[PDB]
Amino acid sequence: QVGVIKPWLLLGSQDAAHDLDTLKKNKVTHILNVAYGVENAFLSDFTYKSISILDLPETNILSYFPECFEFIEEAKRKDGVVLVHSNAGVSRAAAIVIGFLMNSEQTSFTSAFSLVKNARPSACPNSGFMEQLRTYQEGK
């Protein structure tokens, strides 16, 4: 099961990313793989971007944002749909989408996390990612 964040932005797991039929039913055009060592299964069928991220509280998730957000926007600009996934999709892909909403809509952490969790109930960034997200764009 995938969560709909925006009409063009989905959040899920590696199993979602491995379901070709469902991806095409969902009008997916772009897949952002922010796990580590998860195979991109359908190379001739979508545009992929892979950015290796580890689900550790000492990983700085904020550092991956410019490249992730560029690709998410590429899909929007092309009038497509991007699935952002990790392995379970609980922590890494959730944190990227939370950050994406904070950055693009200037939304607060608590509002962005609420939106994502409502769409995707499994969303639970690790404690490091959680604290990083709280801090994100404060200065801004």
Side-chain angles (χ1 to χ4, degrees):
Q1 198 54 71
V2 299
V4 181
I5 312 301
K6 304 291 212 187
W8 43 268
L9 179 53
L10 307 181
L11 173 64
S13 69
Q14 67 152 137
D15 286 348
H18 296 157
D19 185 347
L20 177 56
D21 190 59
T22 302
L23 291 164
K24 291 297 193 164
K25 280 187 185 166
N26 295 348
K27 315 303 191 180
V28 172
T29 60
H30 293 250
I31 299 176
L32 175 59
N33 178 348
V34 287
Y36 187 98
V38 168
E39 290 197 58
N40 295 326
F42 315 119
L43 299 168
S44 69
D45 289 316
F46 308 94
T47 300
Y48 282 93
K49 172 68 66 179
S50 305
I51 299 164
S52 298
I53 305 186
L54 300 175
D55 184 35
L56 299 168
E58 314 82 7
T59 289
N60 176 4
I61 197 83
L62 307 183
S63 78
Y64 300 99
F65 286 182
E67 299 80 19
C68 286
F69 298 177
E70 291 168 351
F71 184 73
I72 290 163
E73 287 286 309
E74 169 188 320
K76 179 186 190 212
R77 183 71 66 239
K78 298 179 148 146
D79 195 11
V81 172
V82 52
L83 172 64
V84 179
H85 77 87
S86 45
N87 186 349
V90 166
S91 180
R92 287 167 282 191
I96 292 302
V97 176
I98 294 159
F100 179 75
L101 291 177
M102 295 176 66
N103 181 81
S104 64
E105 303 177 0
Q106 288 178 14
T107 76
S108 69
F109 173 65
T110 51
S111 289
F113 190 21
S114 294
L115 185 154
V116 172
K117 196 153 176 182
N118 284 317
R120 175 82 175 154
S122 59
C124 191
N126 76 50
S127 66
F129 294 169
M130 288 283 293
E131 188 72 2
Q132 289 168 33
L133 292 164
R134 292 184 188 105
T135 69
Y136 186 59
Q137 303 196 324
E138 283 176 344
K140 176 154 182 165

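Index from 1, following the sequence. Values below: every heavy atom of this structure, side chains too, minus hydrogens, waters and symmetry copies.
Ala95 approaches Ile61 most closely through the heavy-atom pair CB-CG1, 4.3 Å. In this structure, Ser63 and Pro66 approach most closely via the heavy-atom pair O-CD, 3.7 Å. Residues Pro125 and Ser91 come closest through the heavy atom pair CA-OG, 3.6 Å. For the residue pair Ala123 and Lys117, the shortest heavy atom distance occurs at O-CD, 3.9 Å. When all heavy atoms are compared, the tightest approach of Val2 to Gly12 is CG1-CA, 4.4 Å. Of all the heavy atoms in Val82 and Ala75, the pair that sits closest is CB-CB, 3.8 Å.
Evaluated for a side-chain contact (heavy atoms from CB on, under 4.5 Å) with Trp8, the options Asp79, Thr29, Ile72 yield exactly one hit, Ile72. A side-chain contact (heavy atoms from CB on, under 4.5 Å) with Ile31 holds for exactly one of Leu43, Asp45, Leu23, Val84; it is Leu23.
Atom CG of residue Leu115 and atom OG1 of residue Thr110 lie 12.0 Å apart, to the nearest 0.5 angstrom. Taken from CZ in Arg92 to CG in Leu54, the straight-line distance is 7.0 Å, to the nearest 0.5 Å. For the atom pair OH (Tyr36) and OG (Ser50), the distance works out to 12.0 Å, reported to the nearest 0.5 Å. Between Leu10 atom CG and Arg120 atom CZ the span is 10.5 Å, to the nearest 0.5 Å. Summarising the geometry, atom CD1 belonging to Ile98 is positioned 12.0 Å from atom OG belonging to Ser111; distances are rounded to the nearest 0.5 Å. With rounding to the nearest 0.5 Å, the separation of CE in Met130 from CZ in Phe109 is 3.5 Å.
The hydrophobic clustering, which links ILVMFWY residues whose side-chain heavy atoms are closer than 4.5 Å, places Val34 and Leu56 apart. Hydrophobic clustering keeps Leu83 apart from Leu101 (ILVMFWY residues linked when any side-chain heavy atoms are closer than 4.5 Å, directly or through intermediates).
Within a 6.0 Å radius of CD in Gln106, other residues, nucleotides and ligands contribute 12 heavy atoms or fewer. The neighbour count for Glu67 CD, taken as heavy atoms of other residues, nucleotides or ligands under 6.0 Å away, is above 12. For CD of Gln1, the number of neighbouring non-hydrogen atoms (other residues, nucleotides, ligands) closer than 6.0 Å is 12 at most.
Panel note: side chain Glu105, backbone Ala112; no donor-acceptor pair is recorded below 3.5 Å. Counting only distance, with no hydrogens or angles, the side chain of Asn26 and the backbone of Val28 share no donor-acceptor pair below 3.5 Å.
Take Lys24 and apply the salt bridge (charged side-chain N to carboxylate O under 4.0 Å, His left out) test, not counting sequence neighbours, and it matches no residue.
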Test side-chain contact (heavy atoms from CB on, under 4.5 Å) applied to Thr59 and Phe129, step by step: CA-CA 8 Å; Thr59 289; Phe129 294 169; 3.9 Å; yes
Verdict with supporting geometry, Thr47 and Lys78, side-chain contact (heavy atoms from CB on, under 4.5 Å): CA-CA 11 Å; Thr47 300; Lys78 298 179 148 146; over 6 Å; no
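Listed by first and then second residue, the ring pair (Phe, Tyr, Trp, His ring centres under 6.0 Å) pairs that reach into residues 38-71 are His30-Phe71, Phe65-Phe69, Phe65-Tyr136, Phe69-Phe100, sequence neighbours excluded.
Side-chain atoms of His85 and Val38, non-hydrogen and from C-beta on, do get closer than 4.5 Å to each other. Side chains of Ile53 and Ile96 form a contact here, defined as non-hydrogen atoms less than 4.5 Å apart.
A salt bridge does not link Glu74 with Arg77: none of the charged nitrogens is closer than 4.0 Å to a carboxylate oxygen.
Side-chain polar atoms of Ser86 and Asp55 form no donor-acceptor pair below 3.5 angstrom.
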